[PDB]
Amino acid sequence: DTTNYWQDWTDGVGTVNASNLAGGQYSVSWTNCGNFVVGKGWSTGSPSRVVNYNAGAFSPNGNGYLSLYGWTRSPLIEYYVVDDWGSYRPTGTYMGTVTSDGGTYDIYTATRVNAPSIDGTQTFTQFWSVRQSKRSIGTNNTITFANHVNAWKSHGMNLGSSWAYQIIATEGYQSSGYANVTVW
C-alpha cells in the first residue's frame, strides 16, 4: 500500500506550483489561486484502506483544506475527510458525527450543480467528514477510512461501487499558501 498516484489539477486561475517529489511526498506553493486539488495516493481507492500522512507544512492564507479525497461512480460521489482547514471550515447538511483516530468529525452531505467532475460536467453529491477542531500538523496522522465509510452508511450515505482515485489532497480556493505532505 505505497502510493502509486499523483494528482495535479487546477482551474487555470492564479499560480499553483506543485512538485511530485520522491515516494509519497509532495509540495505545493500557490498565490491567488482559483480552485486546485493536488495530492498523492492510490489510483483505485478502497473502503478499508488505512491512510497515513505527515504534513511538514500546511500554511493556507485564506481558504484551504487538507483532507482525504477521492471519487466513486455508480453513484457519482465526491468525498472528503477533512483534518485541517484555513480560514473557512467546510460545512453542508449536518447528518451526525463520527469519532475515529482520536477525533470527532461532523458528517455533511451536499449537492454540486453542473460542476467539474471525473466524468465531465455533472450534477453529483458530496460526502464530508470534517474534524470539529483542527488536527495537529507535523505529526504522523492516521485516517482509518473504514470508520467513515461505516458511519456514512449508518447515516444513509452509501458510496458507489466503482472506485476512482483516493488521495491525501491539498485543496485551495481563492487563497495563497504552502504545503508539504508525505503520504503512505
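From 1 onward, residues are counted along the sequence shown. Here, rigid core means the biggest group of C-alpha atoms that superpose within 1.5 Å across both forms.
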{"property": "Divergent stretch in 6 other deposited structures of this protein, 130-138 or 113-121 [C-alpha RMS, superposed by the core]", "result": "113-121"}
{"property": "Higher-scoring stretch by recorded Cα B factor average, 157-165 or 19-27", "result": "157-165"}
{"property": "Residue range whose averaged C-alpha B-factor is higher in the record, 114-122 or 37-45", "result": "114-122"}
{"property": "Deposited CA B-factor, highest of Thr142, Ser67, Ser129, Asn61", "result": "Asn61"}
{"property": "Among modelled residues of the same chain, the CA temperature factor third for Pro75", "result": "highest"}
{"property": "Third of chain Cα B-factors occupied by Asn52", "result": "middle"}
{"property": "Ranked against its chain, the third holding the CA B-factor of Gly96", "result": "middle"}
{"property": "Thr2, C-alpha B-factor rank within chain (lowest, middle or highest third)", "result": "highest"}
{"property": "Third of the chain's Cα B-factor distribution that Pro90 belongs to, per the entry", "result": "highest"}
